[PDB]
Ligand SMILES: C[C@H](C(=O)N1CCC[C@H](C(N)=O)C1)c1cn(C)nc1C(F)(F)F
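What follows is one chain in structure tokens, specifically the form solved without this ligand.
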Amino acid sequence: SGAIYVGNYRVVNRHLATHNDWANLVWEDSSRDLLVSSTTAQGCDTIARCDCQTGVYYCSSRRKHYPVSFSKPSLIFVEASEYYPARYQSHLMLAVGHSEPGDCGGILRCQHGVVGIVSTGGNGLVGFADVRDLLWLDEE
């Protein structure tokens, strides 16, 4: 589990979004595994605006942050998981690392701020849903 709290937005994995998230929906994309809802309180996170390919991500199933190199966001085939069938996911970045389903929502960050959140795992990779292209998260 986990979210990004930027401005008055809460960015979650679409598959973990709550009823309250859907009732306060700003934007959602199943192909990206993302959903954004509106918040009453302002949040503490800053979104990275950059093309970094190195950062640090939080792994809840290890209680550890790991430094990783990761691919640029692309359209990637993802094998079946506990929460999705086997399918193509867009705007997905991969790194070599540990990820189980409950790790979804852990933050990947670089020197510029939050890059994305854990969205995929298995076979010794961790996949992250990018948010750096969502420039509208920084205003309004």
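Numbering starts at 1 and runs along the sequence shown. Shifts are known only where both forms have a C-alpha. The term rigid core refers to the maximal set of C-alpha atoms that superpose within 1.5 Å between the two forms.
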Mean Cα B-factor check, 127-135 vs 19-27, entry values; winner is 19-27
With B-factors read from the PDB entry, the higher C-alpha mean of 40-48 and 64-72 is in 40-48
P85: CA temperature factor from the record, placed by chain third, in the highest
Among the modelled residues of its chain, the C-alpha B-factor of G106 falls in the third labelled lowest
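There is another form of this protein, the form deposited with this ligand bound, and it is not shown here; the text below is about that form.
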In this shown form the pocket that this ligand occupies in the deposited complex, once superposed onto the local C-alphas and checked for 3 or more atoms within 2.4 Å of backbone or C-beta atoms, is blocked
Exercise for review: Give a yes/no on whether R49 approaches this ligand to within 4.5 Å in the deposited complex, heavy atoms considered.
Suggested key: no
- Message: Considering non-hydrogen atoms and a 4.5 Å limit, does this ligand approach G102 in the deposited complex?
- Response: yes
Contacts from 15-42 to this ligand in the deposited complex (any heavy atom within 4.5 Å), listed N to C, are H15, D33
Is there a C-alpha shift of 2 Å or more at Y58 between this form and the one not shown once the rigid core is superposed? no
**Prompt:** For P85, is the CA shift between this form and the one not shown at least 2 Å following rigid-core superposition?
**Reply:** yes
After superposing on the rigid core, the runs of 3 or more consecutive residues whose C-alphas all shift by 2 Å or more between this form and the one not shown are 80-86
